[PDB]
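To keep things clear, I will list the structure first and then write my remarks on it.
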Amino acid sequence: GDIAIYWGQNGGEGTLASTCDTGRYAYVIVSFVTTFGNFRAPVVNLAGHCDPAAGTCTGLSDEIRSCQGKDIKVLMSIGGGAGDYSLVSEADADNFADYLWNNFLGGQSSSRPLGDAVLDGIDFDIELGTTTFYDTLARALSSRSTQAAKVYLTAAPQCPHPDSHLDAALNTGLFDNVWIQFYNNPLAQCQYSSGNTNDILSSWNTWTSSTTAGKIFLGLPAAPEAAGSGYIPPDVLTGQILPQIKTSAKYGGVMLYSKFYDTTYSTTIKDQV
Ligand SMILES: [Cl-]
Ligand SMILES: [Cl-]
Ligand SMILES: [Mg+2]
Ligand SMILES: [Mg+2]
Ligand SMILES: [Mg+2]
Ligand SMILES: [Mg+2]
Ligand SMILES: [Mg+2]
């Protein structure tokens, strides 16, 4: 299996190039386009790494390419838990799809936030706001795919199933990878807690058997401080959870939030994923 990791929200986490150079990750998820909708100019935030609006992130394209030359997929994530977004109409979804196509993917723009590199796809991390028109958005982005240049689509729903914000989008059948967040939902009977692997194992079965995507990933916090709840000590993960979930036909690997908190976690579990 593969490890996917979020990057971009903590300037202390190392450069994107360094993250890829570790050799531990097959996907790096750049985060986030934090605000969007109602035809307004989106805001891109990468903490202290660089300032997209200032034009100082254009140097990131050499880092994106360094990742890609190592067969690592680099995705741009929309949303996140701290942002402010919603789509107001199908036309609004078309507007935002065009923005993403032209500014991050194989389209063209004179103000690409991260430079001339072509991101491998878009990660839907829709955690708040209204639930409407994300199916519209997914379909619009997928239609920009070419046989020469694939637009990957990935999604990060919360573990309660179905996910309120992403179910309609996921039901389009257009998503390649889904990394479910088995964290921050402590009362929902779907994530790990001390002495309880029953809920997460049951939720994993529900997700794998009810989703159209071809690859499903177990999304976890990389350290106790990376989330409010749900962190799994690595020996519990590798001893009690990975061997069972890896029997699923659609097991893709593990997703981690986030690079800042992953000083030892992926290193410890690498050969069991
Ligand atoms: Cl505006
Ligand atoms: Cl909850
Ligand atoms: Mg800067
Ligand atoms: Mg359903
Ligand atoms: Mg939440
Ligand atoms: Mg028991
Ligand atoms: Mg299964």
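Convention: chains lettered A, B, ... in structure tokens order; per-chain residue numbering from 1; ligands numbered from 1 as shown.
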
Selection: 12 Å around residue 153 (chain A), only C-alpha atoms, excl. self and same-chain fewer than 3 positions, as an mmCIF file with N, CA, C and O atoms, in the first residue's frame:
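New file result-v4.cif:
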data_model
loop_
_atom_site.group_PDB
_atom_site.id
_atom_site.type_symbol
_atom_site.label_atom_id
_atom_site.label_comp_id
_atom_site.auth_asym_id
_atom_site.auth_seq_id
_atom_site.Cartn_x
_atom_site.Cartn_y
_atom_site.Cartn_z
ATOM 1 N N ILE A 29 -0.530 16.015 -0.647
ATOM 2 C CA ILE A 29 -1.731 16.815 -0.853
ATOM 3 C C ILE A 29 -1.489 18.249 -0.373
ATOM 4 O O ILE A 29 -1.500 18.526 0.829
ATOM 5 N N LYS A 73 2.505 11.681 -6.848
ATOM 6 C CA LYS A 73 1.392 12.513 -7.314
ATOM 7 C C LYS A 73 1.211 13.680 -6.361
ATOM 8 O O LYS A 73 1.218 13.494 -5.138
ATOM 9 N N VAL A 74 1.074 14.880 -6.919
ATOM 10 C CA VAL A 74 0.874 16.084 -6.124
ATOM 11 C C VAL A 74 -0.513 16.637 -6.412
ATOM 12 O O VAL A 74 -0.852 16.967 -7.554
ATOM 13 N N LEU A 75 -1.335 16.710 -5.377
ATOM 14 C CA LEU A 75 -2.722 17.112 -5.537
ATOM 15 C C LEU A 75 -2.909 18.462 -4.873
ATOM 16 O O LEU A 75 -2.191 18.785 -3.919
ATOM 17 N N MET A 76 -3.838 19.274 -5.383
ATOM 18 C CA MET A 76 -4.221 20.513 -4.702
ATOM 19 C C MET A 76 -5.550 20.321 -3.984
ATOM 20 O O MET A 76 -6.551 19.947 -4.607
ATOM 21 N N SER A 77 -5.571 20.571 -2.673
ATOM 22 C CA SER A 77 -6.795 20.381 -1.894
ATOM 23 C C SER A 77 -7.622 21.649 -1.784
ATOM 24 O O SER A 77 -7.093 22.746 -1.552
ATOM 25 N N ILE A 78 -8.927 21.489 -1.981
ATOM 26 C CA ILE A 78 -9.876 22.577 -1.790
ATOM 27 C C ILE A 78 -10.627 22.374 -0.474
ATOM 28 O O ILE A 78 -11.037 21.252 -0.143
ATOM 29 N N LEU A 105 -4.189 23.095 -12.922
ATOM 30 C CA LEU A 105 -4.151 21.909 -13.783
ATOM 31 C C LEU A 105 -3.673 22.265 -15.189
ATOM 32 O O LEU A 105 -2.871 23.185 -15.358
ATOM 33 N N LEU A 119 -0.475 20.377 -11.564
ATOM 34 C CA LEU A 119 -0.826 19.513 -10.455
ATOM 35 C C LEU A 119 -1.496 18.271 -11.021
ATOM 36 O O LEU A 119 -2.142 18.326 -12.073
ATOM 37 N N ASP A 120 -1.346 17.145 -10.335
ATOM 38 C CA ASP A 120 -1.923 15.913 -10.844
ATOM 39 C C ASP A 120 -3.432 15.812 -10.665
ATOM 40 O O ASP A 120 -4.078 14.989 -11.315
ATOM 41 N N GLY A 121 -4.000 16.640 -9.798
ATOM 42 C CA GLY A 121 -5.437 16.599 -9.598
ATOM 43 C C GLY A 121 -5.913 17.401 -8.410
ATOM 44 O O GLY A 121 -5.150 18.177 -7.814
ATOM 45 N N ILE A 122 -7.192 17.232 -8.087
ATOM 46 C CA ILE A 122 -7.842 18.026 -7.049
ATOM 47 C C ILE A 122 -8.357 17.121 -5.939
ATOM 48 O O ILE A 122 -9.003 16.094 -6.217
ATOM 49 N N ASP A 123 -8.090 17.509 -4.689
ATOM 50 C CA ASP A 123 -8.581 16.792 -3.515
ATOM 51 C C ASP A 123 -9.761 17.564 -2.903
ATOM 52 O O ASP A 123 -9.628 18.739 -2.572
ATOM 53 N N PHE A 124 -10.920 16.917 -2.796
ATOM 54 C CA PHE A 124 -12.114 17.544 -2.215
ATOM 55 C C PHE A 124 -12.117 17.358 -0.690
ATOM 56 O O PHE A 124 -12.483 16.284 -0.192
ATOM 57 N N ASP A 125 -11.720 18.390 0.052
ATOM 58 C CA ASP A 125 -11.721 18.316 1.512
ATOM 59 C C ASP A 125 -12.795 19.267 2.036
ATOM 60 O O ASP A 125 -12.518 20.250 2.729
ATOM 61 N N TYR A 134 -21.268 20.035 -5.346
ATOM 62 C CA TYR A 134 -19.962 19.379 -5.444
ATOM 63 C C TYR A 134 -19.962 18.237 -6.449
ATOM 64 O O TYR A 134 -18.904 17.881 -6.976
ATOM 65 N N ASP A 135 -21.135 17.661 -6.723
ATOM 66 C CA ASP A 135 -21.246 16.732 -7.843
ATOM 67 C C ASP A 135 -21.017 17.514 -9.128
ATOM 68 O O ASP A 135 -20.272 17.071 -10.009
ATOM 69 N N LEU A 137 -19.272 20.174 -9.489
ATOM 70 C CA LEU A 137 -17.854 20.525 -9.539
ATOM 71 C C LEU A 137 -17.003 19.351 -10.016
ATOM 72 O O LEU A 137 -16.127 19.519 -10.870
ATOM 73 N N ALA A 138 -17.259 18.168 -9.458
ATOM 74 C CA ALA A 138 -16.505 16.972 -9.826
ATOM 75 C C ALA A 138 -16.667 16.673 -11.310
ATOM 76 O O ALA A 138 -15.692 16.375 -12.005
ATOM 77 N N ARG A 139 -17.899 16.748 -11.800
ATOM 78 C CA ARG A 139 -18.159 16.440 -13.200
ATOM 79 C C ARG A 139 -17.458 17.432 -14.128
ATOM 80 O O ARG A 139 -16.908 17.047 -15.154
ATOM 81 N N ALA A 140 -17.468 18.704 -13.744
ATOM 82 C CA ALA A 140 -16.818 19.748 -14.525
ATOM 83 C C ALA A 140 -15.306 19.532 -14.596
ATOM 84 O O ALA A 140 -14.706 19.654 -15.664
ATOM 85 N N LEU A 141 -14.683 19.214 -13.462
ATOM 86 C CA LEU A 141 -13.255 18.929 -13.452
ATOM 87 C C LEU A 141 -12.907 17.671 -14.238
ATOM 88 O O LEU A 141 -11.944 17.658 -15.011
ATOM 89 N N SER A 142 -13.678 16.605 -14.043
ATOM 90 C CA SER A 142 -13.379 15.341 -14.715
ATOM 91 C C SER A 142 -13.443 15.487 -16.230
ATOM 92 O O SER A 142 -12.714 14.806 -16.963
ATOM 93 N N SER A 143 -14.297 16.391 -16.704
ATOM 94 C CA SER A 143 -14.463 16.582 -18.138
ATOM 95 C C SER A 143 -13.266 17.300 -18.764
ATOM 96 O O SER A 143 -13.163 17.384 -19.987
ATOM 97 N N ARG A 144 -12.360 17.798 -17.924
ATOM 98 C CA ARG A 144 -11.115 18.403 -18.403
ATOM 99 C C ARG A 144 -10.023 17.358 -18.591
ATOM 100 O O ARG A 144 -8.956 17.654 -19.140
ATOM 101 N N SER A 145 -10.277 16.138 -18.129
ATOM 102 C CA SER A 145 -9.325 15.050 -18.318
ATOM 103 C C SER A 145 -9.108 14.773 -19.794
ATOM 104 O O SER A 145 -10.028 14.916 -20.602
ATOM 105 N N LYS A 150 -4.329 13.029 -17.220
ATOM 106 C CA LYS A 150 -5.410 12.718 -16.291
ATOM 107 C C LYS A 150 -5.559 13.776 -15.202
ATOM 108 O O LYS A 150 -4.561 14.229 -14.624
ATOM 109 N N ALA A 156 -11.808 13.578 0.882
ATOM 110 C CA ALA A 156 -11.510 13.314 2.280
ATOM 111 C C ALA A 156 -12.753 13.474 3.157
ATOM 112 O O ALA A 156 -12.810 14.370 3.995
ATOM 113 N N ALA A 169 -21.106 14.075 -4.508
ATOM 114 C CA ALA A 169 -19.899 14.074 -5.326
ATOM 115 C C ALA A 169 -19.357 12.656 -5.522
ATOM 116 O O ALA A 169 -19.038 12.259 -6.650
ATOM 117 N N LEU A 170 -19.245 11.894 -4.435
ATOM 118 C CA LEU A 170 -18.711 10.533 -4.516
ATOM 119 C C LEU A 170 -19.602 9.648 -5.402
ATOM 120 O O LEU A 170 -19.090 8.835 -6.190
ATOM 121 N N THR A 172 -21.039 10.289 -8.043
ATOM 122 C CA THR A 172 -20.803 10.453 -9.477
ATOM 123 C C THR A 172 -19.951 9.329 -10.052
ATOM 124 O O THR A 172 -19.937 9.135 -11.274
ATOM 125 N N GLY A 173 -19.209 8.629 -9.190
ATOM 126 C CA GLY A 173 -18.319 7.561 -9.610
ATOM 127 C C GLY A 173 -16.993 8.068 -10.139
ATOM 128 O O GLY A 173 -16.159 7.281 -10.620
ATOM 129 N N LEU A 174 -16.766 9.372 -10.032
ATOM 130 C CA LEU A 174 -15.622 9.986 -10.702
ATOM 131 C C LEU A 174 -14.341 10.040 -9.884
ATOM 132 O O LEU A 174 -13.292 10.435 -10.402
ATOM 133 N N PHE A 175 -14.402 9.654 -8.615
ATOM 134 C CA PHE A 175 -13.232 9.795 -7.752
ATOM 135 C C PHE A 175 -12.295 8.601 -7.815
ATOM 136 O O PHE A 175 -12.740 7.452 -7.876
ATOM 137 N N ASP A 176 -10.994 8.881 -7.830
ATOM 138 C CA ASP A 176 -9.974 7.846 -7.909
ATOM 139 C C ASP A 176 -9.602 7.280 -6.539
ATOM 140 O O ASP A 176 -9.581 6.060 -6.356
ATOM 141 N N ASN A 177 -9.306 8.165 -5.589
ATOM 142 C CA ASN A 177 -8.956 7.751 -4.239
ATOM 143 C C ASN A 177 -9.853 8.436 -3.226
ATOM 144 O O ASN A 177 -10.163 9.618 -3.368
ATOM 145 N N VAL A 178 -10.259 7.704 -2.197
ATOM 146 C CA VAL A 178 -10.991 8.317 -1.100
ATOM 147 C C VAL A 178 -10.258 7.971 0.185
ATOM 148 O O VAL A 178 -10.125 6.791 0.521
ATOM 149 N N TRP A 179 -9.747 8.996 0.872
ATOM 150 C CA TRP A 179 -9.138 8.818 2.191
ATOM 151 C C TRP A 179 -10.091 9.330 3.261
ATOM 152 O O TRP A 179 -10.290 10.542 3.422
ATOM 153 N N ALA A 213 -15.329 4.562 -5.763
ATOM 154 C CA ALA A 213 -13.908 4.755 -6.008
ATOM 155 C C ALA A 213 -13.136 3.447 -5.992
ATOM 156 O O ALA A 213 -13.513 2.500 -5.292
ATOM 157 N N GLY A 214 -12.047 3.408 -6.750
ATOM 158 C CA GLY A 214 -11.253 2.200 -6.875
ATOM 159 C C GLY A 214 -10.255 1.974 -5.758
ATOM 160 O O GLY A 214 -9.910 0.826 -5.470
ATOM 161 N N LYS A 215 -9.776 3.051 -5.135
ATOM 162 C CA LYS A 215 -8.845 2.919 -4.016
ATOM 163 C C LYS A 215 -9.329 3.654 -2.773
ATOM 164 O O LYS A 215 -9.651 4.851 -2.831
#

Show me a table, sorted first by chain and then by increasing residue number, of the residues of chain A having an atom at most 6 Å from ligand 3, each with its shortest atom pair and the distance in Å to one decimal, counting only C-alpha atoms and all ligand atoms and written as CSV.
residue,atom,partner,partner_atom_place_in_ligand_line,distance
A:50,CA,ligand 3,1 (Mg),3.6
A:51,CA,ligand 3,1 (Mg),4.9
A:56,CA,ligand 3,1 (Mg),5.1

The selected residues should be written to file as a CSV table (one decimal), in the first residue's frame (atoms: N, CA, C and O atoms).
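What follows is the written file part32.csv:
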chain,number,residue,atom,x,y,z
A,50,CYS,N,5.1,30.3,1.8
A,50,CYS,CA,5.2,31.3,0.8
A,50,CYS,C,3.8,32.0,0.7
A,50,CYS,O,2.9,31.5,1.4
A,51,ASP,N,3.7,33.1,0.0
A,51,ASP,CA,2.5,33.9,0.0
A,51,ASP,C,2.0,33.9,-1.5
A,51,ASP,O,2.5,34.6,-2.3
A,56,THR,N,5.0,34.8,-4.4
A,56,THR,CA,6.2,34.1,-4.0
A,56,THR,C,6.1,32.6,-3.9
A,56,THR,O,7.0,32.0,-3.4

Could you tell me, counting only C-alpha atoms and all ligand atoms, which protein and nucleic acid residues lie no more than 12 Å from ligand 4, written as a count of residues only? 19

Calculate how many Å separate atom 1 (Cl, counted along the ligand's line) of ligand 1 from CA of residue 92 (chain A), rounding to one decimal.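 Rounded to one decimal, the two atoms are 12.7 Å apart.
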
Per DSSP on the backbone, what are the helix (DSSP H, G or I) residues of region 12-258 of chain A, as a count of residues only? 76

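The shell of residues at most 12 Å from residue 69 (chain A), with only C-alpha atoms counted and near chain neighbours (fewer than 3 positions) removed, consists of residues 17, 20, 21, 26, 62, 63, 64, 65, 66, 72, 73, 74 and 117 of chain A.
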
Return as a PDB file with C-alpha atoms, in the first residue's frame the residues of protein, DNA or RNA that approach ligand 6 to within 8 Å, with only C-alpha atoms and all ligand atoms taken into account.
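See out.pdb below for the written result:
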ATOM      1  CA  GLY A 195      -9.686  -0.312  23.846  1.00  0.00           C
ATOM      2  CA  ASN A 196     -12.004  -0.097  20.833  1.00  0.00           C
ATOM      3  CA  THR A 197     -11.077  -1.174  17.299  1.00  0.00           C
ATOM      4  CA  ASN A 198     -14.602  -2.438  16.615  1.00  0.00           C
TER       5      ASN A 198
END

Distance filter 12 Å around ligand 1, atoms: only C-alpha atoms and all ligand atoms, out as number ranges by chain: A: 35-43

Go ahead and write the selection's residues with N, CA and C atoms as a PDB file, in the first residue's frame.
ATOM      1  N   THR A  35     -10.743  29.546   0.719  1.00  0.00           N
ATOM      2  CA  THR A  35     -12.020  30.228   0.478  1.00  0.00           C
ATOM      3  C   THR A  35     -12.356  30.236  -0.996  1.00  0.00           C
ATOM      4  N   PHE A  36     -13.644  30.078  -1.282  1.00  0.00           N
ATOM      5  CA  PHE A  36     -14.140  30.078  -2.647  1.00  0.00           C
ATOM      6  C   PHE A  36     -15.667  30.104  -2.657  1.00  0.00           C
ATOM      7  N   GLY A  37     -16.225  30.420  -3.823  1.00  0.00           N
ATOM      8  CA  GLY A  37     -17.668  30.398  -3.990  1.00  0.00           C
ATOM      9  C   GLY A  37     -18.261  31.757  -4.283  1.00  0.00           C
ATOM     10  N   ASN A  38     -19.507  31.734  -4.761  1.00  0.00           N
ATOM     11  CA  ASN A  38     -20.238  32.911  -5.220  1.00  0.00           C
ATOM     12  C   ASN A  38     -19.424  33.764  -6.192  1.00  0.00           C
ATOM     13  N   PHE A  39     -18.702  33.082  -7.081  1.00  0.00           N
ATOM     14  CA  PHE A  39     -17.949  33.723  -8.163  1.00  0.00           C
ATOM     15  C   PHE A  39     -16.840  34.660  -7.696  1.00  0.00           C
ATOM     16  N   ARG A  40     -16.515  34.610  -6.408  1.00  0.00           N
ATOM     17  CA  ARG A  40     -15.476  35.467  -5.850  1.00  0.00           C
ATOM     18  C   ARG A  40     -14.076  34.884  -6.046  1.00  0.00           C
ATOM     19  N   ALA A  41     -13.064  35.749  -6.017  1.00  0.00           N
ATOM     20  CA  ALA A  41     -11.673  35.314  -6.132  1.00  0.00           C
ATOM     21  C   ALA A  41     -11.326  34.364  -4.991  1.00  0.00           C
ATOM     22  N   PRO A  42     -10.921  33.125  -5.323  1.00  0.00           N
ATOM     23  CA  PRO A  42     -10.483  32.232  -4.244  1.00  0.00           C
ATOM     24  C   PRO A  42      -9.228  32.722  -3.540  1.00  0.00           C
ATOM     25  N   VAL A  43      -9.072  32.282  -2.295  1.00  0.00           N
ATOM     26  CA  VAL A  43      -7.852  32.527  -1.535  1.00  0.00           C
ATOM     27  C   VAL A  43      -7.103  31.213  -1.341  1.00  0.00           C
TER      28      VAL A  43
END

Residues at most 10 Å from ligand 5, using only C-alpha atoms and all ligand atoms? Could they come as a ChimeraX atom specification? /A:80-82,127-128,157-158,181,183-185,227-228

Pick from A:24, A:250, A:165, A:70: nearest to ligand 7, with only C-alpha atoms and all ligand atoms counted?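 Counting only C-alpha atoms and all ligand atoms, the residue closest to ligand 7 is A:250.
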
Apply DSSP to the structure's backbone, then extract all residues of region 124-167 of chain A labelled strand (DSSP E) and return them as a tab-separated table (two decimals) with N, CA, C and O atoms, in the first residue's frame.
chain	number	residue	atom	x	y	z
A	124	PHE	N	-10.92	16.92	-2.80
A	124	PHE	CA	-12.11	17.54	-2.21
A	124	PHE	C	-12.12	17.36	-0.69
A	124	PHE	O	-12.48	16.28	-0.19
A	125	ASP	N	-11.72	18.39	0.05
A	125	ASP	CA	-11.72	18.32	1.51
A	125	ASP	C	-12.80	19.27	2.04
A	125	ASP	O	-12.52	20.25	2.73
A	152	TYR	N	-6.68	13.73	-11.71
A	152	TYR	CA	-7.08	12.89	-10.58
A	152	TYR	C	-8.10	13.61	-9.72
A	152	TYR	O	-8.02	14.83	-9.54
A	153	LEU	N	-9.05	12.85	-9.18
A	153	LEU	CA	-9.98	13.39	-8.19
A	153	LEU	C	-9.92	12.55	-6.93
A	153	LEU	O	-10.07	11.31	-6.96
A	154	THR	N	-9.69	13.21	-5.80
A	154	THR	CA	-9.64	12.50	-4.53
A	154	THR	C	-10.56	13.22	-3.55
A	154	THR	O	-10.99	14.35	-3.81
A	155	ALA	N	-10.89	12.58	-2.43
A	155	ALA	CA	-11.83	13.16	-1.48
A	155	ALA	C	-11.49	12.72	-0.07
A	155	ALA	O	-10.99	11.61	0.14

Using only C-alpha atoms, which of A:248, A:272, A:103, A:258 sits nearest residue 235 (chain A)?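 Result for the nearest residue to residue 235 (chain A): A:272.
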
Distance in Å - CA of residue 232 (chain A) versus CA of residue 193 (chain A):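 Rounded to one decimal, the two atoms are 7.7 Å apart.
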
With only C-alpha atoms as the counted atoms, please give the residues lying no more than 8 Å from residue 44 (chain A), apart from itself and same-chain residues fewer than 6 positions off, as a PDB file with N, CA, C and O atoms, in the first residue's frame.
ATOM      1  N   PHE A  32      -4.182  24.793   1.497  1.00  0.00           N
ATOM      2  CA  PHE A  32      -5.494  24.580   0.873  1.00  0.00           C
ATOM      3  C   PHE A  32      -5.878  25.783   0.017  1.00  0.00           C
ATOM      4  O   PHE A  32      -5.363  26.888   0.223  1.00  0.00           O
ATOM      5  N   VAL A  33      -6.823  25.586  -0.901  1.00  0.00           N
ATOM      6  CA  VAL A  33      -7.644  26.705  -1.373  1.00  0.00           C
ATOM      7  C   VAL A  33      -8.702  26.871  -0.284  1.00  0.00           C
ATOM      8  O   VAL A  33      -9.673  26.106  -0.229  1.00  0.00           O
ATOM      9  N   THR A  34      -8.512  27.855   0.592  1.00  0.00           N
ATOM     10  CA  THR A  34      -9.272  27.957   1.843  1.00  0.00           C
ATOM     11  C   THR A  34     -10.617  28.671   1.716  1.00  0.00           C
ATOM     12  O   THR A  34     -11.525  28.454   2.537  1.00  0.00           O
ATOM     13  N   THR A  35     -10.743  29.546   0.719  1.00  0.00           N
ATOM     14  CA  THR A  35     -12.020  30.228   0.478  1.00  0.00           C
ATOM     15  C   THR A  35     -12.356  30.236  -0.996  1.00  0.00           C
ATOM     16  O   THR A  35     -11.471  30.387  -1.853  1.00  0.00           O
ATOM     17  N   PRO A  52       0.940  33.086  -1.720  1.00  0.00           N
ATOM     18  CA  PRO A  52       0.419  32.931  -3.085  1.00  0.00           C
ATOM     19  C   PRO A  52       0.042  34.266  -3.721  1.00  0.00           C
ATOM     20  O   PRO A  52       0.409  34.508  -4.874  1.00  0.00           O
ATOM     21  N   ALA A  53      -0.647  35.124  -2.973  1.00  0.00           N
ATOM     22  CA  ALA A  53      -1.108  36.391  -3.524  1.00  0.00           C
ATOM     23  C   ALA A  53       0.060  37.313  -3.858  1.00  0.00           C
ATOM     24  O   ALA A  53      -0.037  38.151  -4.756  1.00  0.00           O
ATOM     25  N   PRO A 113      -1.078  30.328  -9.000  1.00  0.00           N
ATOM     26  CA  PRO A 113      -0.521  30.583  -7.662  1.00  0.00           C
ATOM     27  C   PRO A 113       0.798  29.865  -7.381  1.00  0.00           C
ATOM     28  O   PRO A 113       1.680  30.431  -6.713  1.00  0.00           O
TER      29      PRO A 113
END

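Selection of all polymer residues within 6 Å of ligand 2 on the basis of only C-alpha atoms and all ligand atoms gives residues 185, 186, 187 and 188 of chain A.
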
Selection file, C-alpha atoms, as a PDB file, in the first residue's frame:
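Ended up saving to selection29.pdb:
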ATOM      1  CA  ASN A 185     -15.636  12.275  15.230  1.00  0.00           C
ATOM      2  CA  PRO A 186     -15.408  10.808  18.731  1.00  0.00           C
ATOM      3  CA  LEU A 187     -19.135  10.250  19.334  1.00  0.00           C
ATOM      4  CA  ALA A 188     -19.951   8.827  15.895  1.00  0.00           C
TER       5      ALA A 188
END

Using only C-alpha atoms and all ligand atoms, find the one residue out of A:132, A:263, A:203, A:268 that sits nearest to ligand 7.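 Checking each candidate against ligand 7, we get A:203 as the closest.
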
Write out as a list in words the residues lying within 7 Å of residue 115 (chain A), counting only C-alpha atoms and excluding same-chain residues fewer than 6 positions away.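 Using only C-alpha atoms, the neighbours found are residues 57, 58, 59, 60 and 61 of chain A.
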
Selection above as a file: N, CA and C atoms, as a PDB file, in the first residue's frame:
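Output (result_13.pdb):
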ATOM      1  N   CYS A  57       4.996  32.053  -4.362  1.00  0.00           N
ATOM      2  CA  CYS A  57       4.888  30.591  -4.406  1.00  0.00           C
ATOM      3  C   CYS A  57       5.188  30.030  -5.786  1.00  0.00           C
ATOM      4  N   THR A  58       5.543  30.882  -6.741  1.00  0.00           N
ATOM      5  CA  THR A  58       5.778  30.379  -8.095  1.00  0.00           C
ATOM      6  C   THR A  58       7.002  29.467  -8.140  1.00  0.00           C
ATOM      7  N   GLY A  59       7.881  29.606  -7.151  1.00  0.00           N
ATOM      8  CA  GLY A  59       9.068  28.775  -7.048  1.00  0.00           C
ATOM      9  C   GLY A  59       8.715  27.359  -6.627  1.00  0.00           C
ATOM     10  N   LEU A  60       7.487  27.178  -6.161  1.00  0.00           N
ATOM     11  CA  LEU A  60       7.047  25.861  -5.733  1.00  0.00           C
ATOM     12  C   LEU A  60       6.953  24.888  -6.905  1.00  0.00           C
ATOM     13  N   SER A  61       6.820  25.407  -8.125  1.00  0.00           N
ATOM     14  CA  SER A  61       6.700  24.517  -9.289  1.00  0.00           C
ATOM     15  C   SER A  61       7.928  23.634  -9.489  1.00  0.00           C
TER      16      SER A  61
END

Just how far from CA of residue 269 (chain A) is CA of residue 237 (chain A), in Å to one decimal?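 Value for the CA of residue 237 (chain A)-CA of residue 269 (chain A) distance: 8.3 Å.
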
Residues within 12 Å of residue 10 (chain A), please, as a ChimeraX atom specification. Count only C-alpha atoms; anything in the same chain fewer than 3 positions from it doesn't count. /A:6-7,13-16,30-32,45-50,226,257-262
